[PDB]
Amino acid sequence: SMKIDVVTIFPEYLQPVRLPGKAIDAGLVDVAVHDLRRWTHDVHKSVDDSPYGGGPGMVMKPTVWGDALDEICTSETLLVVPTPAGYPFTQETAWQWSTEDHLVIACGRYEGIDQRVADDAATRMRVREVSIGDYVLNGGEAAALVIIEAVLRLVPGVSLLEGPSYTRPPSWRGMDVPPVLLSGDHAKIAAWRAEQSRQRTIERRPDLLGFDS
């Protein structure tokens, strides 16, 4: 049983959470999405202001985030903050987080969240700032969806690159399935699949085998 809360100024973007959809239906996980503006108090519902020290764009205010996280989090919560400046989120991270009772995912916009939010929370609970890859996004919402998908498929109840896969018909547009795959020889099939994966890994991901680039 896992609970996941997501906090965002764009709750409508997290509707796709409805693979996680089948997990919710089975009653293994529960996912809830919260509008950050619920915790504002002014008429304009302001959540951002200009950065101290100068620079382009805006920074999300700590006051509003503090009130939201006070209500949603307990001392047992793992607070997840997607950010381009985070530690990398990997398959090992997904396995680690798959046995947690409660994830809270805080989605930033503009140029990010005041650093004191994570600092303050870390005095009360475990906090993890993470990146899902080295490309730039407008906000944390897409990253939250990737994290939820990677973690939920590992929950109890739900290396090298995979080579090419094939299914029927055995010949299509003059392209034939590799004959070894039709042969019923388990040893030969295993060997061929090993060689394919080796070739694909050295070509596409030489880093996984300890080579440059």
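In this text, residue numbers run from 1 along the sequence as written. Here, rigid core means the biggest group of C-alpha atoms that superpose within 1.5 Å across both forms.
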* **Core-aligned Cα RMS comparison in 9 other deposited structures of this protein - stretch that moves more, 168 to 176 or 143 to 151** => 168 to 176
* **Between stretches 102 to 110 and 85 to 93, more displaced by Cα RMS in 9 other deposited structures of this protein (rigid core superposition)** => 102 to 110
* **Entries skipping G27: at least a third of other ones** => yes
* Do a third or more of the other compared PDB entries fail to give coordinates for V158? -> yes
* **Gap size, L181 back to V180 (deposited sequence, no coordinates)** => none
* Report, from the record, the number of residues in the deposited sequence between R204 and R205 that have no coordinates, as none, 1 to 3, 4 to 9, or 10 or more. => none
* Structure fact -> Of 171 to 179 vs 33 to 41, the stretch with the larger average CA B-factor in the entry is 33 to 41
* To do: Identify the stretch, either 128 to 136 or 69 to 77, whose C-alpha atoms have the larger mean B-factor according to the entry.
  => 69 to 77
* Pick out which of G53, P164, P156, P62 has the highest C-alpha B-factor in the PDB entry. => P156
* Structure fact -> Max C-alpha B-factor within the set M58, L160, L145, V47 falls on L160
* Going by the recorded CA B-factors, say which third of the chain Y110 sits in, lowest, middle or highest. => highest
* To do: Sorting the chain's modelled residues by C-alpha B-factor, tell me whether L208 ends up in the lowest, middle or highest third.
  => lowest
* Asked: Of the three thirds of its chain by CA temperature factor, lowest, middle or highest, which one includes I4?
  -> middle
